[PDB]
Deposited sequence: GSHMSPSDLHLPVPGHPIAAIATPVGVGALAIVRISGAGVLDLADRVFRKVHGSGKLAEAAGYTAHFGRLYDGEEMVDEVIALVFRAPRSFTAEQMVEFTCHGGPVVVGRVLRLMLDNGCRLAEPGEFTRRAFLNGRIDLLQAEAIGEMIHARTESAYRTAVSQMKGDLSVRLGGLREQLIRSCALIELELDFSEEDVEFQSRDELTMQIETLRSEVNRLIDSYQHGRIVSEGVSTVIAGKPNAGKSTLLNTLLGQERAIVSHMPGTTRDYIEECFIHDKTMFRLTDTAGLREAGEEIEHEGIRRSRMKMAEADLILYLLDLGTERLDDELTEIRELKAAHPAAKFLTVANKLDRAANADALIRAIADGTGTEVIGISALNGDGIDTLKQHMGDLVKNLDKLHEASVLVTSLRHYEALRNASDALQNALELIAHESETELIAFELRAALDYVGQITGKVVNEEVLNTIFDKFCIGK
């Protein structure tokens, strides 16, 4: 259970508050703490204290009282990082808290890399990659549904389901992984008949998951929306009135941005109604819609506040493009309520299984679940007819390898880096 280098970090948000937490972790941490911590009543040393036990004392830079704090000892595996840690919670002043962090840093600790604490929690096996990512997802969450999704993932709901898939991928895999030497007349009395039934129910279980990512990505990172249109359309004017940037409506988040339009849930084409000289740029809107059939298209006719006649003009833009058109005054803010309601339509019209089925989020998992079900189909369709008995065991191990990668069974230490660099120093 090797401990890491002692590391320290401010664990609470930057700013002014009643209290802050400096948290240190790693090899010999509470011996280090003892050099600077001094118990106020009696001298019960921290290194002598039980886990989950709090101590009121003072921090010192040699006769220089840094602050009055409360030290929380954690021991053994029974901590967040699953190593030795103490957590000073001090007065929540920026100058004070910074002094505390420095004191730790001067007396043995190094500054924590971003997400290193959770990284250690995963590496020590207290928590898995899903759960690790879930911690991050919760802290950054800005929607209720995003928050609730991370709670589920932290609780491990997905991990349970994925563990229930590793089940057959241990069962049916090791069943053929023992063809190594004992292959003379190996059977289980019509055994391959049940193996196909194991895979068919196994692959369909993976498919139920790969499906939820459509809803999941929306809940996690919101409905990605592009605002298109030629210069002077009103793009800027709409953007800041609706609030790279995002806003919330009907418990759903919308990521507004410009430029990769491949992968974009909703396209809003802005064109200045009755103002456009060259109005056959509705040919342009016809070929945006055509180039992104997966997206939801929505034609936003701007500058409705002038020319009070444009009902026929709206219908002409509609008919000429086959898209849906909405009249908008981005300056005044007219019909915006109607535009917003049309935007909230995207989530409403999708699918969504019985709420028991947990939503998979994050591209990484999706792609792996795909890679798994492809290897599963390779065993199902490509191999299961007349093909060999050694190449089939390759595909099954490939699937178990893929399902396991999402939970961290196979550590990539670059998959980890992209995950934890996303975290902030302190977690």
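Note: segments 1-11, 255-272, 288-307 of the deposited sequence have no C-alpha coordinates in the structure.
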